[PDB]
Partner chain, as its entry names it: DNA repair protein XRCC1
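Quick heads-up: it's one chain on its own, the form solved without its partner chain, in structure tokens.
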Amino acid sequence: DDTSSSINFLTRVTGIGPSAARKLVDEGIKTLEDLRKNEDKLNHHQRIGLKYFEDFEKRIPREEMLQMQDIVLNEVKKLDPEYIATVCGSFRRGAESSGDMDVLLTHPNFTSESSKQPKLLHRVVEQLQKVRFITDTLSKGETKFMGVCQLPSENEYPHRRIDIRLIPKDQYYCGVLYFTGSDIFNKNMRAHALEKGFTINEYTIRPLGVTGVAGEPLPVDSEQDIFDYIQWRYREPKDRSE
């Protein structure tokens, strides 16, 4: 009812999951002013979401993402040019506006065999924070970081969501592909690959076999190699709507 209407509002909060939104109702937390008066019931994540609830509802204009991406890129280069960093999402596809910035990141040092190099990501984050670009963190794993950022005012920008992922270099490409979408796109493509006897995922492309349950990741060094294995002309991201 007008109360279910309540849980619906909660979940609008980044961090607030249903079961998590639910209990807060059983606590008599419904509107938002409720929540502000009740930070203590919330985790760091949720607190942040709450913190930026408004802004988080606003969309990112690509004139904005552009500058974002430049900042992110120039910072990572200065730390180690051997760093690969690509802003994926519809944004990559040319989208006129975006919801959040999401950066895929890699390094040759780091590969699907290593698997343990937090410092790799961390250093970036830190450099970003030092920059005053990242501004808060919702969470922050060895391999992933979700947070907030903001362009630099000279006089102000909204705070945006940002995600940074660390992928082993031998998996990066697929991943870039993958986070590039669109979803149909991925779908049609894995579909195709399959015709051609190949199985793709966000991590790797693999040849199938008899009975079907098969594989063993082919080497990828670019998105192109993906398309090449499946012998499909290469689609630049803009041409990826489907």
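Residue numbers count along the first chain shown, from 1. Basically, rigid core = biggest C-alpha set you can superpose within 1.5 Å across the two forms.
Between stretches 56 to 64 and 206 to 214, the one whose Cα atoms sit farther from the displayed model in 8 other deposited structures of this protein on average is 206 to 214 (core-aligned, root mean square). The deposited sequence places 1 to 3 unmodelled residues between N155 and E156. Here 46 to 54 and 28 to 36 are compared by their mean Cα B-factor, and 28 to 36 comes out higher. Higher mean CA temperature factor, per the PDB entry, when comparing 173 to 181 with 187 to 195: 187 to 195. Looking only at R62, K41, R206, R59, the residue with the top Cα B factor in the deposited structure is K41. Compared with the other modelled residues of the chain, the Cα B-factor recorded for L66 ranks in the lowest third. In this PDB entry, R22 carries a Cα temperature factor that places it within the highest third of its chain's modelled residues. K140: CA B factor lies in the middle third for its chain, per the PDB record. When the modelled residues of the chain are ordered by C-alpha B-factor, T11 sits in the highest third. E96 sits in the middle third of its chain by CA B factor, as recorded in the PDB entry.
Another form exists, solved in complex with its partner chain; not displayed. Remarks below refer to it.
Interface residue remark: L194 is not counted as part of the site for its partner chain in the deposited complex, having no heavy atom within 4.5 Å.
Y229 belongs to the set of residues with a heavy atom inside 4.5 Å of its partner chain in the deposited complex.
At a distance threshold of 4.5 angstroms between non-hydrogen atoms, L208 is in contact with its partner chain in the deposited complex. Shown alone here, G215 lies within 4.5 Å of its partner chain in the deposited complex, counting heavy atoms only. Stretch 200 to 208 is the answer when you ask which of 22 to 30, 36 to 44, 200 to 208, 56 to 64 has residues with heavy atoms within 4.5 Å of its partner chain in the deposited complex.
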